[PDB]
Structure formats: structure tokens, C-alpha cells
Amino acid sequence: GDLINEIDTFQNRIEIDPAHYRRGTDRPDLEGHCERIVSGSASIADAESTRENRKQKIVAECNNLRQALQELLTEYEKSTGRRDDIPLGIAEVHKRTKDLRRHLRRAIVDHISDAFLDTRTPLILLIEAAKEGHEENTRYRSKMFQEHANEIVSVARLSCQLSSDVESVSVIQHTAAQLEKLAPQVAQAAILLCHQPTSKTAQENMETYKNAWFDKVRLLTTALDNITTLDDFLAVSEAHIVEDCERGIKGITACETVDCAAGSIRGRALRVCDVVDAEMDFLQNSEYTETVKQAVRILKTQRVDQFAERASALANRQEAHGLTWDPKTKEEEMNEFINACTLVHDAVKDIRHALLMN
């Protein structure tokens, strides 16, 4: 990962003995160092998968980092005699750098949150269509599965830029290349099964590809969680659950449907359960871990089901008589959806709260 190394080293490069500072050498490379950070940050910011509000924070902090560096360099060049203002300048740069990297890390978590909220369904829907074998659905689900594959591959590679874990990055990159290789073959295996569904040879071939795929995705998901800070993941997950609710609200009052919004919320919530449970199991068993796992168990075994049930009933009411909804009904259903989402959302906040109690 280059961008993370550029940032990490920069936080040390700017700390020079004032007597050692030389304008003609220490300034151009420090300015060059800063611009490499800004350039790399821009690539992340200006991805069209990147969210707008996080994009602007990255842009703003890049400008702040430039300004902070210029002021520090101005102070370095005012040192005389034997050589209080320089350390203040260093602190200002460190603060901007710290904020910039938080924004970048969470930009990557944005992608991880979206791409890995449901890594099972696209292939399952593909296989089930092929088993029928529904030609029209298999080709549709084939296309969707492949696009899903492109996303997790792309996101995996994007993540590596912000990790200094050379060995984890190595596994992630190899696994991503293998998935990229396997994906079109998995698709074709389903097409073959679709055309001859009663063939046990074609059934076994699909299952062989299915299992190889899920084994690699599981590996990749685990590796990515290992180069991701838990707090970032939970903070973004919580924020994304709110976004999903807002998307669902727009569908009720006017990818903005109750069905899909509920699908995203469920997936993200279950990912939160997986990631926090694993984090606790690595620890020694204590009152701390049991209290956190208990909060997780509430989300997973209660809140998720209760949410899915109410959201589904709302979805059924909208396809049944939604075409006749007056503003009052829309308001009632909007509130019902909000209260349902609050089931999941509050439970996520409780999990984060329990993790603080040590």
C-alpha cells in the first residue's frame, strides 16, 4: 500500500531538527511528499462509487494539509541563531493528516460495507434459476453475479492502498485475482446446468464451482476485516443503515424500494454481528466479551427477524394496495418503516456502547 506509507512516513518527515532544515532540499521533497498524498487521496475521492459527502471531506482536508504544510515550512525558514512555533506547526499538520486518513479509511469501509453486505444471494439465485432451468433468469442472474464479482474484486484491491499489512495485502490481492478468474467460469457452469438441469454431472459441476467460490469469498472477507478497524466498520455500518432507511422512505412516499432497503439493512446488520462476534472470540472470555456477545445476540436472533417481518408485511401492503395510497397512508407507512428500522439501528448502537464498557 503506497498511499498509507506516504501518509505514515510524512508524519515523521515533517519533524526535522530546525538546525538541519535546508530550504533548497527539505522543502521541495516535503512539498512533493504532500502532493503524492493529495494525488492518491483524490483517486479515492473521485471514484464514482465514492459517496459525495465523504468525497468533499477528503477534498477539503487535502487543501487544509497543503496550507498547514506551507505554514510549517514558513516557520522552519524563520529559525536563526542556534535553532516554540515550529512544534505548533508540526502539531497542526499532524492533526490535518490524522483527519485525512480517517476520511480515507472510511471511504474504503464505505465500499466494503456495500460490496460485502450479501455475498451469498447472487450466486444462490443464479444456481436456483439454473436448476429449473430458467434460461431468462439464469442469464439475468449470471449478469448480476458477474457484476457482483467485479465489485468485490475492485473493492478488495482498493482496500490494499490503506493497509501497511504487507502479508494480509498479499493474500487479499492473490485471492482477488483468483475470484476474478473464477467468476466467469462460475457463471458459465450455471449456463451449462441451465441447459441440462436433469444431468447429475452438470449438477455436481455447479456445486464444485459453488463451493470453490464461497471458500474464496470467505477467505477474502476475513482478510479484509483484518485490515479494517472495527470502529470504522461500525460507524459506517450505522451511518449506512440510516441511509438505507432514508432510501426506503423515499420509495414509500413517492434503488429506492422497501424490499431492497430492507435487504441492505438486514445484510449490513448481520455483517455487524459477524465482525463483532469474531472480535470478541479472539479475546479471552470475560464479563466484557459476554456482555458484548449478548448485545450482538439480540440484534441477530431478535431484532433482525422482527425487522424483516414488519418490513416484508409493509412490502406486501404496498404491492397489494400501494397504488391507492393517500398522503395519510404514506405517512403511516413511513413511520412504521422508521420504527422498524429503529429496531436494527438502536441494537447496533447498543453493541457499540457495550464495546466501550471495559
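Deposited coordinates in this entry are attributed by the record to X-ray crystallography, at a stated resolution of 2.4000 Å.

S.K.: For this particular structure, what's the right way to read the side chain of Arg 51?
M.R.: Mapped onto the elements, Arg 51 comes out in the loop between α2 (23–45) and α3 (52–76). Accessibility expressed as a relative area gives 17% for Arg 51, which makes it buried. In terms of polar contacts, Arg 51 uses its side chain to reach the side chain of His 240, at 3.4 Å. If near-sequence neighbours (up to four positions away) are discounted, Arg 51 is found in contact with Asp 110, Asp 114, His 240, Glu 243 and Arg 268.

S.K.: When you look at the packing of aromatic side chains in this model, what are you seeing that I'm missing?
M.R.: Tallied over the full model, the rule gives two aromatic pairs. Here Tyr 21 and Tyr 76 contribute two aromatic rings whose centre-to-centre distance is 4.9 Å and whose plane-to-plane angle is 5°, an arrangement assigned as stacked. On the criterion of sequence distance, the pair formed by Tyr 21 in the loop between α1 (2–13) and α2 and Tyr 76 in helix α3 is long-range, its members being 55 residues apart. A single burial state applies to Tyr 21 and to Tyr 76, both of which are buried.

S.K.: Looking at this structure, how should I read the nonpolar core?
M.R.: In globular proteins that are soluble, nonpolar side chains generally tend to be buried together. Core analysis: the largest hydrophobic core is formed by 101 residues, its most contacted members being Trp 213, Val 276, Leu 299 and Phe 337. Of the residues that make up this core, three or more belong to each of domain 1 (1–228) and domain 2 (229–358). Contact partners of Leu 299, with chain neighbours within four places excluded, come to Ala 269, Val 272, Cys 273, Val 304, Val 344, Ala 347, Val 348 and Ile 351.

S.K.: What's the story with unusual backbone geometry in this structure? I'm lost.
M.R.: Peptide bonds are mostly trans, and most non-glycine residues show a negative phi. In this structure, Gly 133 follows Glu 132 across a cis peptide bond, with omega equal to -5°. The residue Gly 133 is located in the loop between α5 (121–130) and α6 (135–159) in this model.

S.K.: Explain the environment of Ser 286 here, please?
M.R.: Positionally, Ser 286 belongs in the loop between α10 (258–282) and α11 (287–321). By relative accessible area, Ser 286 is classed as partly exposed at 29%. On a C-alpha basis, the gap between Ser 286 and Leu 314 in space is 41 Å, while along the polypeptide they are 28 residues apart. A distance of 3.2 Å separates a polar atom in the side chain of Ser 286 from the backbone nitrogen of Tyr 288.

S.K.: Looking at this structure, I do not really get helix α7 (residues 166–195). What am I missing?
M.R.: Spacing of three or four residues puts side chains on the same side of an α-helix, whose turn is 3.6 residues. Between its first and last C-alpha atoms α7 spans 44 Å; for 30 residues at 1.5 Å apiece the expected length is 44 Å, and the two agree. For α7, the principal kink sits at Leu 182 and spans about 30°; a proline, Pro 184, occurs within the next four residues.

S.K.: Which parts of the structure should I look at to understand the domain arrangement of the protein chain?
M.R.: It is common to report an interface's size as the accessible area lost on association of the parts. What the domain assignment reports for the protein chain is domain 1 (1–228) and domain 2 (229–358). In this structure, domain 1 and domain 2 have C-alpha centres spaced 25 Å apart. In this complex, domain 1 contributes 15 residues to the contact, which on the side of domain 2 involves 16 residues. Of the roughly 1300 Å² buried between domain 1 and domain 2 on both sides combined, carbon and sulfur atoms contribute 51%. Considering only the surface of domain 1 that becomes buried against domain 2, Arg 106, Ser 113 and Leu 117 emerge as the three largest contributors, covering 40% of it. Taken together, domain 1 and domain 2 are joined by five salt bridges. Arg 271 is paired through a salt bridge with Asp 225; the nearest N and O atoms lie 3.0 Å apart. Counting every contact that joins domain 1 to domain 2 gives ten residue pairs in polar contact. Of all the secondary-structure elements, those providing two or more residues to the side of domain 1 that touches domain 2 are α4 (85–115) and α8 (200–226).

Rules used in this analysis
- Residues numbered from 1 in each chain as written, not as in the entry; some residues may be left out.
- Heavy atoms only, no water.
- Helix = DSSP H or I, 4+ residues; strand = E, 2+ residues; numbered from the N terminus.
- Buried < 20%, exposed > 50% of the residue type's maximum accessible area, 1.4 Å probe, protein only.
- Polar contact = N/O pair within 3.5 Å; in protein donor to acceptor, adjacent residues only side chain to side chain.
- Contact = heavy atoms within 4.5 Å.
- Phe/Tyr/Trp six-rings, centres within 6.5 Å; stacked < 30°, edge-to-face > 60°.
- Core = buried A, V, L, I, M, F, W, Y, C linked by side-chain atoms within 4.5 Å.
- Domains from an automatic or database assignment.
- Expected span 1.5 Å × (residues − 1).
- Bend = angle between axes of the 7 residues up to and from the residue.
- Buried area = accessible area lost by both parts, 1.4 Å probe.
- Salt bridge = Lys/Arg side-chain N within 4 Å of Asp/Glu carboxyl O.

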